[PDB]
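Trainee: Here it is, the structure in full.
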Amino acid sequence: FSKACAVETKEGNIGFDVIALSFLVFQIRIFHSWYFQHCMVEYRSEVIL
Amino acid sequence: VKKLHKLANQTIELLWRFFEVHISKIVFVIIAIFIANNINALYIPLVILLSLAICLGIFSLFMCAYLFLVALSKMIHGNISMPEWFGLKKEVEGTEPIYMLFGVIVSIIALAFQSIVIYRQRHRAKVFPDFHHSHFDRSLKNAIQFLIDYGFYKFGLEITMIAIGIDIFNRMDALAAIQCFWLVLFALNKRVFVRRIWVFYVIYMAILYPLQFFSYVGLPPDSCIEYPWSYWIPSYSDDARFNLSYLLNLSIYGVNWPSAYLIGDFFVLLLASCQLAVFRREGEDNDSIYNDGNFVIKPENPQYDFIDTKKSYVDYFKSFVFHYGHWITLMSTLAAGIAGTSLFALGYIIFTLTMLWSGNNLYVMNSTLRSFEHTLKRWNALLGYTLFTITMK
Amino acid sequence: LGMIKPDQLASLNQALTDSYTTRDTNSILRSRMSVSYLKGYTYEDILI
């Protein structure tokens, strides 16, 4: 039965997802922090206007 | 000669200032490694008392005498007998009593290192007493001091979450399931919810640690009794029963529990203790700026502009981390999505493509119609989907 | 003494290529090496 369904070797890991979660939680924490209002001020009226 | 002597004096002073606050952590790590080396039965009282000490100079001498008792002891269905299961293996006579025990006697000196500073101090909690974070960007040395002094007050919640994630990664059991359920509960709420629930979480895990170690050590071999959890399964092979027991982390005869679990939960203990220690001295720095409830730019900020006046390199570092960090995190999430092979990978792909498709037009605070609030709603949806993915896996 | 019939060679190839377990990684390399070595000779270069 394991031969028939034939999972590749073992690939069900919980790896790179963890570091992706780390990066995105860091980003969302930065989104609610300082220097980011200045960042968006730089985005606004210097890129479009 | 004089300059070298002054540099040596500065180095020894700074390492002493490091030690006077890090000897406790260093000795705890050393003891954890040593008890991971020997996971026999007689290690229950010591892990219990270390857990109690972490939960709370009266406690400083509790383990000092017991390690001497261990040093006293180390000098003293079947297939194994009482002394070996206890943790006292009768080695070959005539070889050595100190054959591989070169750290316990050093550990006594380690306790002395923690005791000499205590005795000579009472006869402040900062290595750098002239620290100033007002203009931390005016010097790279000041930036390093910021990273080493307030580096945990700033992001302690994040590093504790990382520790929990790595524990789940190296744990992979029902304990990992409850840990990721706690992660889901924590990540989907504001600061007040964790403010209220962290004490319950830390006491629950502090109580769970001793029970985990009791499960690890197990039962005496010649007890003339069989574990009930070895005969729940009616009509499946014995290997299935072994897998079920291992996944639920229950004691079984002739088990060889690796030290990775103990290392992970010990680091969880230390991160929780540090988080609580900084959590007592709570302030207003680790609070969201959206508590006022509007998305408009705050008229006056307590920090100067960083995009201009690019001086030194720490300003460049802030610009890189605050201006293109979302590109890095989207790269990481796309790599994680493409690494896997499942419908969860497809969800990651579609979410990251629809996130990257809105480059800059959607990053505008122009009143309503998908403003900053909707951007944070989408990001919270990303958090929810990622936690759903990990818990489902 | 004679050249191996194609049926026997095909049966031997199938038996060699189905000799592994789905758990250990090193068995994959051994089976791959055996199949690759066998594939170097056609049915004309092998005799019985």
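Residue numbers start at 1 in each chain; chains themselves are named A, B, ... in the order of the structure tokens; ligands are numbered from 1 in the order shown.
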Please list as a list in words every residue within 10 Å of segment 36-38 of chain C, counting only C-alpha atoms and excluding residues in the same chain fewer than 4 positions away.
Mentor: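 In the requested format, the answer is residues 9, 12, 13, 16, 17, 30, 31, 32, 42 and 46 of chain C.
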Trainee: For C-alpha atoms, I'd like the residues from the last selection saved as a PDB file, in the first residue's frame.
Mentor:
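Once everything was written out, this is out.pdb:
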ATOM      1  CA  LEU C   9      16.577  -9.967 -19.217  1.00  0.00           C
ATOM      2  CA  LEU C  12      15.769  -9.699 -14.215  1.00  0.00           C
ATOM      3  CA  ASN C  13      15.555  -5.937 -14.777  1.00  0.00           C
ATOM      4  CA  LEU C  16      16.325  -5.663  -9.720  1.00  0.00           C
ATOM      5  CA  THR C  17      14.364  -2.410 -10.025  1.00  0.00           C
ATOM      6  CA  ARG C  30      21.938   0.736  -4.184  1.00  0.00           C
ATOM      7  CA  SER C  31      18.973  -0.139  -6.409  1.00  0.00           C
ATOM      8  CA  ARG C  32      19.774   2.763  -8.744  1.00  0.00           C
ATOM      9  CA  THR C  42      22.251  -5.120 -23.942  1.00  0.00           C
ATOM     10  CA  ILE C  46      25.133 -11.082 -21.864  1.00  0.00           C
TER      11      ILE C  46
END
Trainee: Residue 314 of chain B: which residues within 8 Å, counting only C-alpha atoms, same-chain residues fewer than 6 positions away excluded, as a list in words?
Mentor: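 Here the answer would be residues 137, 139, 140 and 143 of chain B.
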Trainee: Mind dumping the selected residues with N, CA, C and O atoms as a PDB file, in the first residue's frame?
Mentor:
ATOM      1  N   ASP B 137      21.208  56.212  16.931  1.00  0.00           N
ATOM      2  CA  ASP B 137      21.664  56.164  15.549  1.00  0.00           C
ATOM      3  C   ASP B 137      22.876  57.048  15.280  1.00  0.00           C
ATOM      4  O   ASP B 137      23.355  57.084  14.141  1.00  0.00           O
ATOM      5  N   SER B 139      25.843  56.589  16.583  1.00  0.00           N
ATOM      6  CA  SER B 139      27.069  55.816  16.723  1.00  0.00           C
ATOM      7  C   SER B 139      26.746  54.339  16.555  1.00  0.00           C
ATOM      8  O   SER B 139      25.718  53.865  17.043  1.00  0.00           O
ATOM      9  N   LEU B 140      27.632  53.622  15.859  1.00  0.00           N
ATOM     10  CA  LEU B 140      27.462  52.180  15.714  1.00  0.00           C
ATOM     11  C   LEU B 140      27.644  51.470  17.051  1.00  0.00           C
ATOM     12  O   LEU B 140      26.971  50.471  17.328  1.00  0.00           O
ATOM     13  N   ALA B 143      24.479  51.791  18.759  1.00  0.00           N
ATOM     14  CA  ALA B 143      23.536  50.829  18.194  1.00  0.00           C
ATOM     15  C   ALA B 143      23.754  49.436  18.773  1.00  0.00           C
ATOM     16  O   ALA B 143      22.790  48.720  19.071  1.00  0.00           O
TER      17      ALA B 143
END
Trainee: Counting only C-alpha atoms, collect the residues of chain C whose closest atom lies at most 12 Å from chain A, and write them out as a list in words.
Mentor: residues 18, 19, 20, 21, 22, 23, 24, 25, 26, 27 and 28 of chain C
Trainee: Check which residues of chain A sit at most 7 Å from chain B using only C-alpha atoms, and return one row each with the closest pair of atoms and their distance in Å to one decimal, ordered by chain and rising number, as a Markdown table.
Mentor:
| residue | atom | partner | partner_atom | distance |
| --- | --- | --- | --- | --- |
| A:14 | CA | B:169 | CA | 5.9 |
| A:15 | CA | B:169 | CA | 6.7 |
| A:16 | CA | B:336 | CA | 4.8 |
| A:17 | CA | B:336 | CA | 5.1 |
| A:18 | CA | B:165 | CA | 6.5 |
| A:20 | CA | B:333 | CA | 4.7 |
| A:22 | CA | B:162 | CA | 6.7 |
| A:23 | CA | B:329 | CA | 5.1 |
| A:24 | CA | B:329 | CA | 5.6 |
| A:27 | CA | B:326 | CA | 6.4 |
| A:32 | CA | B:288 | CA | 5.4 |
| A:33 | CA | B:288 | CA | 6.7 |
| A:36 | CA | B:322 | CA | 6.9 |
| A:37 | CA | B:297 | CA | 6.2 |
| A:38 | CA | B:305 | CA | 6.8 |
| A:39 | CA | B:323 | CA | 6.8 |
Trainee: Please produce an output containing N, CA and C atoms for each residue in the selection, written as an mmCIF file, in the first residue's frame.
Mentor:
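Result file follows (result.cif):
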data_model
loop_
_atom_site.group_PDB
_atom_site.id
_atom_site.type_symbol
_atom_site.label_atom_id
_atom_site.label_comp_id
_atom_site.auth_asym_id
_atom_site.auth_seq_id
_atom_site.Cartn_x
_atom_site.Cartn_y
_atom_site.Cartn_z
ATOM 1 N N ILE A 14 7.962 20.689 8.736
ATOM 2 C CA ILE A 14 7.348 21.881 9.306
ATOM 3 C C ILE A 14 8.408 22.981 9.353
ATOM 4 N N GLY A 15 9.250 23.026 8.324
ATOM 5 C CA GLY A 15 10.457 23.830 8.345
ATOM 6 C C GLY A 15 10.252 25.232 7.810
ATOM 7 N N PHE A 16 10.643 25.476 6.555
ATOM 8 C CA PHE A 16 10.618 26.803 5.936
ATOM 9 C C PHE A 16 9.357 27.600 6.258
ATOM 10 N N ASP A 17 8.248 26.904 6.515
ATOM 11 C CA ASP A 17 7.045 27.584 6.984
ATOM 12 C C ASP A 17 7.309 28.336 8.283
ATOM 13 N N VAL A 18 8.136 27.768 9.166
ATOM 14 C CA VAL A 18 8.430 28.423 10.439
ATOM 15 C C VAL A 18 9.194 29.725 10.219
ATOM 16 N N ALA A 20 9.227 31.502 7.487
ATOM 17 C CA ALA A 20 8.292 32.428 6.854
ATOM 18 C C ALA A 20 7.386 33.081 7.889
ATOM 19 N N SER A 22 8.157 33.538 11.009
ATOM 20 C CA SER A 22 9.031 34.472 11.713
ATOM 21 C C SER A 22 9.123 35.801 10.977
ATOM 22 N N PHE A 23 9.406 35.745 9.675
ATOM 23 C CA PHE A 23 9.555 36.973 8.904
ATOM 24 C C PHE A 23 8.256 37.769 8.874
ATOM 25 N N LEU A 24 7.117 37.092 8.702
ATOM 26 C CA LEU A 24 5.864 37.835 8.594
ATOM 27 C C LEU A 24 5.407 38.388 9.940
ATOM 28 N N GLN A 27 7.400 41.431 10.369
ATOM 29 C CA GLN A 27 6.893 42.504 9.521
ATOM 30 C C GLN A 27 5.627 43.126 10.099
ATOM 31 N N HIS A 32 3.184 48.018 13.166
ATOM 32 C CA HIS A 32 2.622 48.728 14.312
ATOM 33 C C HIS A 32 3.709 49.393 15.147
ATOM 34 N N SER A 33 4.768 49.882 14.503
ATOM 35 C CA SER A 33 5.889 50.476 15.219
ATOM 36 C C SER A 33 6.223 51.857 14.671
ATOM 37 N N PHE A 36 7.690 53.994 10.643
ATOM 38 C CA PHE A 36 6.885 53.516 9.529
ATOM 39 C C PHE A 36 5.916 54.587 9.059
ATOM 40 N N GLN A 37 5.466 55.456 9.966
ATOM 41 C CA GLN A 37 4.716 56.629 9.538
ATOM 42 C C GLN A 37 5.568 57.508 8.632
ATOM 43 N N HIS A 38 6.838 57.713 8.991
ATOM 44 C CA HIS A 38 7.748 58.441 8.111
ATOM 45 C C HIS A 38 7.962 57.696 6.799
ATOM 46 N N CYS A 39 8.049 56.364 6.855
ATOM 47 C CA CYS A 39 8.169 55.589 5.623
ATOM 48 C C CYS A 39 7.000 55.868 4.681
#
Trainee: Interatomic distance between atom CA of residue 47 of chain B and atom CA of residue 210 of chain B?
Mentor: 7.1 Å
Trainee: What does the distance from atom CA of residue 216 of chain B to atom CA of residue 250 of chain B come to in Å, to one decimal?
Mentor: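 One can read the atom CA of residue 216 of chain B to atom CA of residue 250 of chain B distance as 7.4 Å.
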Trainee: What is the atom CA of residue 173 of chain B-atom CA of residue 247 of chain B distance in Å, reported with one decimal?
Mentor: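 About the pair atom CA of residue 173 of chain B and atom CA of residue 247 of chain B: they are 5.1 Å apart.
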Trainee: Write out as a ChimeraX atom specification all residues of segment 73-197 of chain B that backbone DSSP assigns to helix (DSSP H, G or I).
Mentor: /B:73-75,82-86,104-122,136-138,140-149,151-154,157-169,174-187,191-197
Trainee: For residue 315 of chain B, which of A:13, A:47, A:35, A:1 is the closest residue, counting only C-alpha atoms?
Mentor: A:35
